[PDB]
Amino acid sequence: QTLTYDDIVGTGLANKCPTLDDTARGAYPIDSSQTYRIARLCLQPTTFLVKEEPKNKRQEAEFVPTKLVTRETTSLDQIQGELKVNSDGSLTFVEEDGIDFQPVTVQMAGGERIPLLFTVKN
Amino acid sequence: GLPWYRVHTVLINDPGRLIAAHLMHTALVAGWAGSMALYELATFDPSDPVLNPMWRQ
Ligand code: CLA
Ligand code: CLA
Ligand code: CLA
Ligand code: CLA
Ligand SMILES: CC1=C(/C=C/C(C)=C/C=C/C(C)=C/C=C/C=C(C)/C=C/C=C(C)/C=C/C2=C(C)CCCC2(C)C)C(C)(C)CCC1
Ligand SMILES: CC1=C(/C=C/C(C)=C/C=C/C(C)=C/C=C/C=C(C)/C=C/C=C(C)/C=C/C2=C(C)CCCC2(C)C)C(C)(C)CCC1
Ligand SMILES: CCCCCCCCCCCCO[C@@H]1O[C@H](CO)[C@@H](O[C@H]2O[C@H](CO)[C@@H](O)[C@H](O)[C@H]2O)[C@H](O)[C@H]1O
Ligand SMILES: CCCCCCCS[C@@H]1O[C@H](CO)[C@@H](O)[C@H](O)[C@H]1O
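Read top to bottom, the protein sequences are chains A and B. Position one of the first sequence corresponds to residue 2 (the working numbering), numbered consecutively onward. Position one of the second sequence corresponds to residue 7 (the working numbering), numbered consecutively onward.
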């Protein structure tokens, strides 16, 4: 049931993050005496919104939809880093390394192309 | 011969060539409409229907 590269190649699945079943509604205990890390962080964007540049300052600009033109090359993955337990019981993820950026170009209505470096660097 | 302002009278008793001439006129008008629309699309700015609608352009 475990897929190989030849199962995946060319399907688009390589740009998708893993999913969990609907039964996965559990709880993962944190031992405040234990150290933790995130072994893999994956971010799969599904929508890119761009804030319009309005001529009227009284007008509140909105984020509008866009068309992705650079294909299934957008996800961040294989990211790892320390997961610290803070004294107040909060957790802090500190990103260390990984494929943590993707150049992305989306296109607004009317043709204007918006390149960005989609990223969670540091 | 025919004076210049009468050249098209050769069609009066020629229904097929009258239809041909009417077809050519219709082709010219339809082509004007397509051309005009393409020129307007190449120049129209759609980013502000409030203060820059089509009738300002
Ligand atoms: C709907 C338009 C149209 C149609 C269907 C006809 C149809 C006809 N013409 Mg008429 N004619 C027209 C407009 C038209 N004409 C115009 C505008 C003029 C003044 C230039 C004439 C002057 C004219 C003469 C002197 C004669 C005819 C004749 C005839 C008959 C034979 C074809 C011919 O010799 O044309 C002639 C070919 C043209 C007139 C071509 C016109 C080209 C235009 C002016 C410019 C187009 C160039 C380019 C595409 C656009 C320029 C853009 C610019 C920014 C550069 C046929 C019934 C003949 C006939 O049967 O007489 C008994 C004939 O001797 N026509
Ligand atoms: C449906 C519209 C229509 C049609 C099918 C006709 C058809 C005709 N006209 Mg009539 N006419 C019309 C409207 C029309 N006319 C209008 C609105 C006026 C007042 C402007 C006239 C005044 C008129 C006169 C005084 C005469 C005719 C004559 C004729 C006959 C010969 C035409 C010719 O060879 O010109 C040849 C034309 C050229 C070689 C070049 C003309 C160039 C013009 C002046 C400028 C360019 C116009 C541009 C190319 C097109 C824009 C048109 C658009 C904006 C409407 C032919 C039966 C003649 C006739 O009866 O013969 C016996 C004649 O003497 N017409
Ligand atoms: C039921 C039969 C019938 C039909 C459907 C028509 C329809 C038409 N005729 Mg008329 N006509 C008829 C009988 C008919 N006629 C008879 C019995 C005579 C005596 C011979 C005439 C004499 C006559 C003359 C002298 C003229 C017309 C013209 C026209 C056209 C003017 C509108 C136009 O060009 O729009 C724009 C065109 C379109 C939006 C596209 C139409 C798509 C066509 C119809 C399909 C082409 C395939 C078809 C098999 C070709 C032959 C069709 C033919 C039956 C009309 C229109 C298509 C005028 C014309 O042709 O102007 C250019 C014209 O000058 N007719
Ligand atoms: C209701 C709509 C309508 C009607 C009734 C007509 C009628 C006519 N058109 Mg058509 N036309 C139309 C819409 C129309 N047009 C549209 C929307 C376009 C796209 C822009 C055209 C493009 C067009 C072209 C390219 C031509 C015609 C021509 C003609 C004439 C062919 C018959 C003829 O021999 O006249 C004889 C001519 C006359 C009777 C003189 C008409 C005078 C007009 C009304 C005003 C011209 C004023 C001034 C002198 C123009 C200077 C222009 C200059 C600065 C460039 C006839 C008057 C043809 C023509 O005129 O051939 C000689 C021709 O070549 N039309
Ligand atoms: C063949 C063919 C084809 C193509 C087609 C085309 C490409 C067409 C075009 C067309 C066009 C592109 C047309 C145009 C036209 C135009 C016109 C016709 C114009 C006119 C004008 C006028 C008439 C003006 C006048 C005036 C002046 C100048 C000044 C001011 C005043 C007045 C307004 C008077 C296809 C592929 C489809 C396929 C089938 C075959
Ligand atoms: C079958 C065949 C063929 C055919 C062909 C044909 C059919 C052609 C036609 C052609 C045509 C039919 C063309 C056309 C022309 C047109 C023109 C030349 C136009 C002009 C126009 C203008 C100039 C405009 C202007 C304007 C307006 C009007 C408005 C808006 C603005 C503007 C300025 C843009 C061939 C030989 C290839 C080969 C073999 C086979
Ligand atoms: C049917 C056969 C004939 C078809 C040929 C006619 C086509 C006419 C189509 C008109 C629509 C295209 O209109 C065209 O759009 C683009 C984008 O706004 C404009 O392009 C302009 O803005 C873009 C913004 O990215 C710049 O990169 C470009 O350098 C600049 O020229 C053109 O100035 C305009 O003319
Ligand atoms: C008959 C086919 C005509 C060719 C159509 C050209 C594409 S359509 C064209 O695209 C531009 C860029 O997105 C827009 O800015 C413009 O508003 C639109 O008209």
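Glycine included, every Cβ here is placed at the ideal spot set by N, Cα and C.
Residues that residue i contacts on chain A, provided the C-beta gap is smaller than 9 Å
i              : result
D20 of chain B : The premise fails here: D20 of chain B is roughly 50 Å from chain A at the closest Cβ pair, so nothing lies under 9 Å.
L57 of chain B : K56, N57
Closer than 7 Å: residue i CB and nearest ligand 3 heavy atom
i              : result
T32 of chain B : yes
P21 of chain B : yes
is_contact[residue i, chain B] using C-beta, thresh 8 Å
i               : result
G112 of chain A : no
Chain-ordered chain A contacts of residue i [CB-CB under 7 Å]
i              : result
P52 of chain B : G111
heavy atom of ligand 1 below 7 Å from residue i C-beta
i              : result
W10 of chain B : yes
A36 of chain B : no
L44 of chain B : no
Strand pairing of residue i, partner residues [DSSP]
i               : result
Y37 of chain A  : A:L84
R114 of chain A : A:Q108
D98 of chain A  : A:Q81
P66 of chain A  : A:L50
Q103 of chain A : A:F119
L42 of chain A  : A:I80
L47 of chain B  : DSSP lists no partner for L47 of chain B.
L92 of chain A  : A:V86
Proximity test, residue i beta-carbon vs ligand 6 heavy atom, cut-off 7 Å
i              : result
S41 of chain B : yes
beta-carbon residue i near ligand 8 non-hydrogen atom, thresh 7 Å
i               : result
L47 of chain B  : yes
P52 of chain B  : yes
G11 of chain A  : no
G82 of chain A  : no
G111 of chain A : yes
beta-carbon residue i near ligand 7 non-hydrogen atom, thresh 7 Å
i              : result
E54 of chain A : no
heavy atom of ligand 4 below 7 Å from residue i C-beta
i              : result
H14 of chain B : yes
Chain C contact for residue i (CB, 8 Å cutoff)
i              : result
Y29 of chain A : Of the chains in the structure shown, none is chain C; the protein chains are A and B.
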